[PDB]
Every structure is written in structure tokens, then in C-alpha cells.
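**Student:** Okay, here's the structure, questions in a sec.
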Amino acid sequence: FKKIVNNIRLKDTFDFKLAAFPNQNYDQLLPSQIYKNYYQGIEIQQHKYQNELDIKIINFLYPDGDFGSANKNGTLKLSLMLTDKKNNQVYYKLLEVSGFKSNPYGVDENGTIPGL
């Protein structure tokens with residue numbers, strides 16, 4: 001089972017989208033928009049190991065703590081709560097993923113400049 005957990009990847013194993021932005025893909029959302037709006041809801045669509053595994057995204061953290069960096073790289077830190085459907089044991093993993101929207105100055109969707 002740990003084999004599968006350490007092999008969990010996005011867009012391969014499972015996908016997601018926020019209830020805040022339904023009709024938008026990952027490349028259209030700044031790490032700052034997902035960080036401040038997942039509280040509205042996260043919907044998972046698992047395409048692998050759904051007999052053996054359940055994946056849930058419980059939190060989105062900034063790979064570095066601040067939005068400027070996340071936004072410069074189009075990256076995010078996904079806090080995952082993985083359940084083993086054989087003994088229902090609950091596991092956790094921090095999956096760092098990139099490929100999200102990004103601008104070169106880290107500015108956010110609102111035009112606010114990083115820590116300035």
C-alpha cells in the first residue's frame with residue numbers, strides 16, 4: 001500500500017476542482033486563488049486504485065509559506081489524507097505539485113504585490 005501512496009501523482013492518479021472555480025483548469029488558477037478558496041469545497045475524481053485507495057485533499061499550503069513564491073512558480077503544496085480501503089487505516093502525505101497559473105512578479109489575481 002505504501003507503494004501506491006508514494007506513487008500518487010496529480011492528473012494521473014486523481015484530479016480535483018474547487019466549487020469556487022468549476023469551469024477552470026489548474027493552469028488558470030494562481031496558487032493564491034486555490035489557497036484562499038478551497039474552503040468553499042474540493043471535489044475529487046479518482047481514476048486509479050479506487051478499490052484499494054481513497055484520496056482526499058484536506059489542505060493546500062504554499063510550498064514556501066508566502067504567496068509570492070507560489071505564484072512565481074505556479075506551484076502548491078497539497079496536504080493529502082489517504083485512506084486504505086482494506087483496514088481503513090488513515091495515512092497522510094504532502095504532495096508538491098506545479099503547473100498552476102503564474103506571473104513573474106508573484107502578483108496575485110487582485111494585483112497585490114508580494115509582501116510590499
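Every chain in the C-alpha cells has a letter given in the order shown (A, B, ...), and although residue numbers restart at 1 in each chain, ligands are simply numbered from 1 in the order shown.
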Please produce, as a tab-separated table, a per-residue contact table for segment 13-67 of chain A versus segment 83-100 of chain A (criterion: any atom at most 8 Å away, only C-alpha atoms considered), showing the nearest atom pair and its distance in Å to one decimal, sorted by chain then residue number.

**Tutor:**
residue	atom	partner	partner_atom	distance
A:26	CA	A:100	CA	5.2
A:27	CA	A:100	CA	4.5
A:28	CA	A:100	CA	6.8
A:29	CA	A:100	CA	6.1
A:30	CA	A:100	CA	6.2
A:31	CA	A:100	CA	6.6
A:51	CA	A:85	CA	6.8
A:52	CA	A:85	CA	5.0
A:53	CA	A:84	CA	5.2
A:54	CA	A:83	CA	5.1
A:55	CA	A:83	CA	6.7
A:63	CA	A:96	CA	7.1

**Student:** Give me, as a PyMOL selection string, the residues of segment 13-113 of chain A that a backbone DSSP run labels helix (DSSP H, G or I).

**Tutor:** chain A and resi 26-28+31-35+38-40+67-73

**Student:** Would you output that residue set with N, CA and C atoms, as a PDB file, in the first residue's frame?

**Tutor:**
ATOM      1  N   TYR A  26      -6.373  23.678 -13.868  1.00  0.00           N
ATOM      2  CA  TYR A  26      -5.282  24.067 -12.990  1.00  0.00           C
ATOM      3  C   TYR A  26      -4.444  25.223 -13.522  1.00  0.00           C
ATOM      4  N   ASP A  27      -4.238  25.279 -14.837  1.00  0.00           N
ATOM      5  CA  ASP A  27      -3.402  26.329 -15.432  1.00  0.00           C
ATOM      6  C   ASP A  27      -4.048  27.709 -15.534  1.00  0.00           C
ATOM      7  N   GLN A  28      -5.225  27.865 -14.943  1.00  0.00           N
ATOM      8  CA  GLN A  28      -5.911  29.152 -14.970  1.00  0.00           C
ATOM      9  C   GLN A  28      -6.122  29.723 -13.564  1.00  0.00           C
ATOM     10  N   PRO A  31      -1.737  30.044  -7.478  1.00  0.00           N
ATOM     11  CA  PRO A  31      -1.691  29.284  -6.227  1.00  0.00           C
ATOM     12  C   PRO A  31      -2.423  30.036  -5.105  1.00  0.00           C
ATOM     13  N   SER A  32      -2.534  31.359  -5.248  1.00  0.00           N
ATOM     14  CA  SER A  32      -3.199  32.199  -4.263  1.00  0.00           C
ATOM     15  C   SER A  32      -4.715  32.088  -4.317  1.00  0.00           C
ATOM     16  N   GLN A  33      -5.261  31.786  -5.490  1.00  0.00           N
ATOM     17  CA  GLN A  33      -6.715  31.645  -5.595  1.00  0.00           C
ATOM     18  C   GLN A  33      -7.193  30.322  -5.001  1.00  0.00           C
ATOM     19  N   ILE A  34      -6.398  29.274  -5.178  1.00  0.00           N
ATOM     20  CA  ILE A  34      -6.766  27.976  -4.643  1.00  0.00           C
ATOM     21  C   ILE A  34      -6.554  27.991  -3.130  1.00  0.00           C
ATOM     22  N   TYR A  35      -5.489  28.645  -2.690  1.00  0.00           N
ATOM     23  CA  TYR A  35      -5.208  28.716  -1.268  1.00  0.00           C
ATOM     24  C   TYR A  35      -6.313  29.426  -0.485  1.00  0.00           C
ATOM     25  N   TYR A  38     -10.383  27.113  -1.377  1.00  0.00           N
ATOM     26  CA  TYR A  38     -10.714  25.706  -1.294  1.00  0.00           C
ATOM     27  C   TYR A  38     -11.682  25.497  -0.160  1.00  0.00           C
ATOM     28  N   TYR A  39     -11.755  26.497   0.715  1.00  0.00           N
ATOM     29  CA  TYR A  39     -12.634  26.457   1.875  1.00  0.00           C
ATOM     30  C   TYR A  39     -14.076  26.369   1.403  1.00  0.00           C
ATOM     31  N   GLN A  40     -14.273  26.638   0.115  1.00  0.00           N
ATOM     32  CA  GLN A  40     -15.603  26.581  -0.478  1.00  0.00           C
ATOM     33  C   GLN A  40     -15.949  25.162  -0.882  1.00  0.00           C
ATOM     34  N   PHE A  67       2.592  33.661  -0.615  1.00  0.00           N
ATOM     35  CA  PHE A  67       2.002  33.600  -1.944  1.00  0.00           C
ATOM     36  C   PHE A  67       2.886  34.070  -3.113  1.00  0.00           C
ATOM     37  N   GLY A  68       3.818  34.981  -2.849  1.00  0.00           N
ATOM     38  CA  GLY A  68       4.684  35.458  -3.913  1.00  0.00           C
ATOM     39  C   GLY A  68       5.413  34.319  -4.598  1.00  0.00           C
ATOM     40  N   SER A  69       6.073  33.494  -3.798  1.00  0.00           N
ATOM     41  CA  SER A  69       6.821  32.354  -4.311  1.00  0.00           C
ATOM     42  C   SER A  69       5.908  31.391  -5.071  1.00  0.00           C
ATOM     43  N   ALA A  70       4.840  30.949  -4.417  1.00  0.00           N
ATOM     44  CA  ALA A  70       3.928  30.009  -5.046  1.00  0.00           C
ATOM     45  C   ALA A  70       3.522  30.521  -6.418  1.00  0.00           C
ATOM     46  N   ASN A  71       3.126  31.789  -6.473  1.00  0.00           N
ATOM     47  CA  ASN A  71       2.699  32.439  -7.711  1.00  0.00           C
ATOM     48  C   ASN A  71       3.807  32.590  -8.768  1.00  0.00           C
ATOM     49  N   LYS A  72       5.050  32.727  -8.334  1.00  0.00           N
ATOM     50  CA  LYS A  72       6.153  32.856  -9.279  1.00  0.00           C
ATOM     51  C   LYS A  72       6.404  31.531  -9.980  1.00  0.00           C
ATOM     52  N   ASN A  73       6.071  30.440  -9.294  1.00  0.00           N
ATOM     53  CA  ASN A  73       6.319  29.096  -9.805  1.00  0.00           C
ATOM     54  C   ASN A  73       5.112  28.289 -10.227  1.00  0.00           C
TER      55      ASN A  73
END

**Student:** List every residue of segment 60-103 of chain A that DSSP, applied to the backbone of this structure, assigns to strand (DSSP E), and report them as a ChimeraX atom specification.

**Tutor:** /A:60-61,76-84,90-97

**Student:** How would the residues just picked look written out with C-alpha atoms as an mmCIF file, in the first residue's frame?

**Tutor:**
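Result went into out24.cif, see below:
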data_model
loop_
_atom_site.group_PDB
_atom_site.id
_atom_site.type_symbol
_atom_site.label_atom_id
_atom_site.label_comp_id
_atom_site.auth_asym_id
_atom_site.auth_seq_id
_atom_site.Cartn_x
_atom_site.Cartn_y
_atom_site.Cartn_z
ATOM 1 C CA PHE A 60 -3.372 23.493 0.236
ATOM 2 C CA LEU A 61 -0.228 25.090 1.618
ATOM 3 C CA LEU A 76 1.223 24.458 -4.480
ATOM 4 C CA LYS A 77 1.589 22.053 -1.606
ATOM 5 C CA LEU A 78 -1.238 19.579 -1.342
ATOM 6 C CA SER A 79 -1.923 18.109 2.086
ATOM 7 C CA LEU A 80 -3.411 14.688 1.346
ATOM 8 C CA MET A 81 -5.309 12.296 3.653
ATOM 9 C CA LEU A 82 -5.014 8.811 2.125
ATOM 10 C CA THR A 83 -7.334 6.011 3.333
ATOM 11 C CA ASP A 84 -6.512 2.291 2.885
ATOM 12 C CA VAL A 90 -5.551 6.637 7.510
ATOM 13 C CA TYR A 91 -2.261 7.962 6.087
ATOM 14 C CA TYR A 92 -1.002 11.443 5.245
ATOM 15 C CA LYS A 93 1.219 12.883 2.570
ATOM 16 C CA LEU A 94 2.377 16.276 1.363
ATOM 17 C CA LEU A 95 2.376 16.235 -2.420
ATOM 18 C CA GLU A 96 4.063 19.220 -4.022
ATOM 19 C CA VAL A 97 2.744 19.988 -7.487
#

**Student:** Out of A:59, A:74, A:50, A:17, which residue has the shortest atom-to-atom distance to residue 105 of chain A when counting only C-alpha atoms?

**Tutor:**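 Of the candidates, the smallest distance to residue 105 of chain A is held by A:74.
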
**Student:** Might you pull out every residue within 9 Å of residue 44 of chain A, with only C-alpha atoms counted and same-chain residues fewer than 3 positions away left off, and present them as a list in words?

**Tutor:**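 Here the answer would be residues 14, 15, 16, 17, 55, 56 and 57 of chain A.
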
**Student:** Under the rule that only C-alpha atoms are counted, which of A:109, A:49, A:43, A:66 is the nearest residue to residue 5 of chain A?

**Tutor:**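 Ranked by minimum distance to residue 5 of chain A, first place goes to A:49.
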
**Student:** For each of A:75, A:103, A:13, A:7, take the minimum atom-to-atom distance to residue 47 of chain A, counting only C-alpha atoms, then give the residue where this is smallest.

**Tutor:**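 Once distances to residue 47 of chain A are computed over only C-alpha atoms, the minimum belongs to A:13.
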
**Student:** Atom CA of residue 42 of chain A and atom CA of residue 18 of chain A, how far apart in Å?

**Tutor:** 4.7 Å

**Student:** Have a look at A:12, A:2, A:111, A:104 and name the one nearest to residue 45 of chain A; count only C-alpha atoms.

**Tutor:** A:12

**Student:** Give the answer as one residue: which of A:36, A:58, A:6, A:46 has the shortest atom-to-atom distance to residue 108 of chain A, using only C-alpha atoms?

**Tutor:**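 Comparing A:36, A:58, A:6, A:46 against residue 108 of chain A, the winner is A:36.
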
**Student:** Between atom CA of residue 20 of chain A and atom CA of residue 37 of chain A, what is the distance in Å, rounded to a tenth?

**Tutor:**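 Straight-line distance from atom CA of residue 20 of chain A to atom CA of residue 37 of chain A works out to 6.3 Å.
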